[PDB]
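Student: Below you'll find the structure I mean.
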Amino acid sequence: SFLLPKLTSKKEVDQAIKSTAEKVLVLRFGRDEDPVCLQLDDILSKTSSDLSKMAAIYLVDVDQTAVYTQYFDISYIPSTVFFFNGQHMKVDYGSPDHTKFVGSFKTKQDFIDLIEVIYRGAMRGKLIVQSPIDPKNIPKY
Ligand SMILES: OC[C@H]1O[C@@](CO)(O[C@H]2O[C@H](CO)[C@@H](O)[C@H](O)[C@H]2O)[C@@H](O)[C@@H]1O
């Protein structure tokens with residue numbers, strides 16, 4: 001749906017990691033009212049439907065649960081994490097941190113292209129993939 005599911009506890013995140021099968025699990029750690037989160041959530045919402053065969057997207061409330069925030073070394077929101085069949089996926093964006101995407105995507109198409117790459121690699125058994133996004137479009141922060 002356009003109004004993506006919210007996860008508000010550790011147990012709910014645990015469960016989404018386990019329950020999302022054969023698709024990229026997208027976990028957006030943020031706050032729904034935060035300006036950069038608003039930007040990113042618009043892209044996640046608007047692309048969710050046409051990505052529905054490849055990805056399941058969730059909005060994770062960092063103000064109601066924080067176990068995972070420490071686990072992924074999240075200092076800035078939004079931070080977006082990718083999983084496939086229960087295992088964390090890394091992506092090389094051209095920055096040192098491959099474990100999470102920090103900030104918002106420049107365009108819808110960048111997110112789409114990224115998911116395509118993650119999905120294909122994950123389906124081939126890979127755990128780390130190369131981002132297809134032009135570095136000029138990667139938030140620098
Ligand atoms: O240890 C350096 C060696 O690691 C590779 C991945 O095998 O890339 C990593 O190190 C680069 C240089 O520090 C980083 O820019 C990159 O993000 C990181 O994955 C090699 O390409 C590199 O030679």
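Read the figures in this text as sums done on the coordinates, not as results from a lab. When we count neighbours, we look across all protein chains shown, and the Cβ atoms used for this are built from the backbone with ideal geometry, even at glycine.
Student: Any residue in segment 35-48 that is over 22 Å from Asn137 (Cα atoms) and more than 11 Å from the chain's Cα centre (by Cα)?
Tutor: no
Student: Okay, next question. Any residue in segment 108-119 that is away from the ligand (no atom under 16 Å from the Cβ) and among the hydroxyl-bearing types (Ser, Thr, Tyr)?
Tutor: The answer is yes, given that some residue of segment 108-119 is away from the ligand (no atom under 16 Å from the Cβ) and among the hydroxyl-bearing types (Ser, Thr, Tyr).
Student: Of all the strands (runs of 3 or more DSSP E) wholly in segment 35-141, which have at least 3 residues that are under 24 Å from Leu3 (Cβ atoms) and either of a type in the set (A, V, I, L, M, F, W, C) or touching a residue at least 24 places away in the same chain (Cβ under 8 Å) (or both)?
Tutor: 55-61, 79-84
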